[PDB]
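One structure is given below, encoded as structure tokens.
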Amino acid sequence: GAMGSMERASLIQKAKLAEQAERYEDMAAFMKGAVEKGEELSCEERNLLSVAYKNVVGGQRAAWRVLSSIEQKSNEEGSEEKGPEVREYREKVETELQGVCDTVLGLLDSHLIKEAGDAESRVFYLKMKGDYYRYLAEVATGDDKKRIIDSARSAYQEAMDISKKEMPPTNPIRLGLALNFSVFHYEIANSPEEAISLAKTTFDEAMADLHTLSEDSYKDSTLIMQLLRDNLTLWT
Amino acid sequence: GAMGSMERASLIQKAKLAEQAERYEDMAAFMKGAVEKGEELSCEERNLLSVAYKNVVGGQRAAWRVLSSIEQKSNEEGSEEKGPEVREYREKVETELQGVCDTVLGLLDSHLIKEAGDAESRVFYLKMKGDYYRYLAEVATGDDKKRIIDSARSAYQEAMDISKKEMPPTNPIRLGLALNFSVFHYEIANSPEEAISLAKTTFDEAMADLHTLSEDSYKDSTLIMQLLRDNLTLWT
Amino acid sequence: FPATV
Amino acid sequence: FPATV
Ligand SMILES: [Ca+2]
Ligand SMILES: [Ca+2]
Ligand SMILES: [Ca+2]
Ligand SMILES: [Ca+2]
Ligand SMILES: [Ca+2]
Ligand SMILES: [Ca+2]
Ligand SMILES: [Cl-]
Ligand SMILES: [Cl-]
């Protein structure tokens, strides 16, 4: 595509520069270009890909929430009619968000997931698949909402099955997957009890494995464990 | 252009929504569309225009500074050669920034300034002209740098002449113009003494006129006076 | 909103 | 950087 003429290594280098400059749209475009070279991604490169799109979609989600709240208020009793503009602009932002999600899901399907054989890579990409279907579910209101939710669930579940077989309970990818799948249960699937159970079991199994870790690995795992605890505190 | 089919009032409404959602690129595009309808802008509409572009160009300037610093370090003694990528990406961001400045200057020239007869509107637009030429000067390194600096100076000077004749010394537009022209002197024109003199004289003349103001006007003027004081403290 | 990574 | 508005 647009980045077809730039070297893979140059795209990676520029993604890192874009991150330093907080230019996340550029970062995402560079990493899309790097994926489309067709080679597998290293650990570092996978994290550049995820950081870039997380920041782009994160801004879109925040904007969508603002606009949705204004729209909800416009449709309350006693609200004066202001015309189609709030709905139109919310729809514009929504369409852009859906486009970013479709872009990410497209990269995963063509062909990151199918070439990922190691547990660390495969779980990482399946977590991404679940996350981006979750973002589509957040804005879905139509005939496909159930199918979108089931697509998220299925991706998370495959990732969980691999992670439990192949990774220690303190592995950061495994922990972050569980954190996000727990949020899926609470916020998307209307299953708060499942969310709470998953967060608690994950935390406790990680606690019991901390003794095996170096100082630096301990720091990484305990950071994510604290996010599990934070959600449990929010929900209980 | 792109917004040619949308009502003026709808563009204004959506600019306000975009501001609430912190979608400043969208805000700027809506306000560009509103300007291109050909009617003069109200006070409120002028401030939507300035806020939108200030935020867009502000992000570009911050990114440019990050990339320029990396590039400067790459060209120091003992630095390992990393190829053309840092320069290329700095150039990309620079070109985008220059494009935004050219867009704003184009709106001012076609035809906001020529139709602005009231002091408040004319000074507001001439301040913008000076500011956007100043942003072009920040990145200029070639045969036109002197001409760009002189274009900024000329716009600021016309604005200052009108403001001194037609506005009280506490007027926020007059104060903000003086603040920015003082920064032009310090950072662009290599004239720190002129910068300091202008900030001090502006502050002192405003101080002497505060007694004439309502509580709310006093608040507005004193806020900007504090920025003058902050710059003086930085520079002395 | 709850924490995700 | 100095303050501008
Ligand atoms: Ca190559
Ligand atoms: Ca829609
Ligand atoms: Ca493989
Ligand atoms: Ca009309
Ligand atoms: Ca250039
Ligand atoms: Ca006029
Ligand atoms: Cl729209
Ligand atoms: Cl580039």
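Sequential numbering from 1, following the chain as shown.
If you're wondering, the header gives X-ray crystallography, 1.3 Å.
The backbone N, Cα and C atoms fix where each Cβ goes, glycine too.
In Swiss-Prot, the feature phosphoserine is assigned, of B:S10, B:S50, B:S154, B:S221, to B:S10; the remaining candidates carry no such note in the record. The phosphoserine entry in Swiss-Prot, when matched to the candidates B:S74, B:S79, corresponds to B:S79. A straight line from the CA of B:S79 (phosphoserine) to the CA of B:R61 (site 'Interaction with phosphoserine on interacting protein') spans 25 Å. The recorded sites listed here are B:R61, B:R134; among them, B:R134 has the most other Cβ atoms within 10 Å of its own Cβ.
With respect to Cβ neighbours within 10 Å, the modified residues B:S10, B:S79 differ, and B:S79 shows the lowest count.
Using a CB-CB cutoff of under 8 Å against chain A, the recorded positions that qualify from B:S10, B:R61, B:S79, B:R134 are B:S10. Non-local neighbours of the expression tag (B:1-5) in the same chain are 11, 29-30, 32-34, 36; each lies 6+ residues outside the stretch with a CB under 8 Å from one of its CB atoms. Separation of the C-alpha atoms of B:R61 (site 'Interaction with phosphoserine on interacting protein') and B:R134 (site 'Interaction with phosphoserine on interacting protein'): 11 Å, rounded to the nearest whole number. Between the C-alpha atoms of B:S10 (phosphoserine) and B:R134 (site 'Interaction with phosphoserine on interacting protein'), the distance comes to 32 Å.
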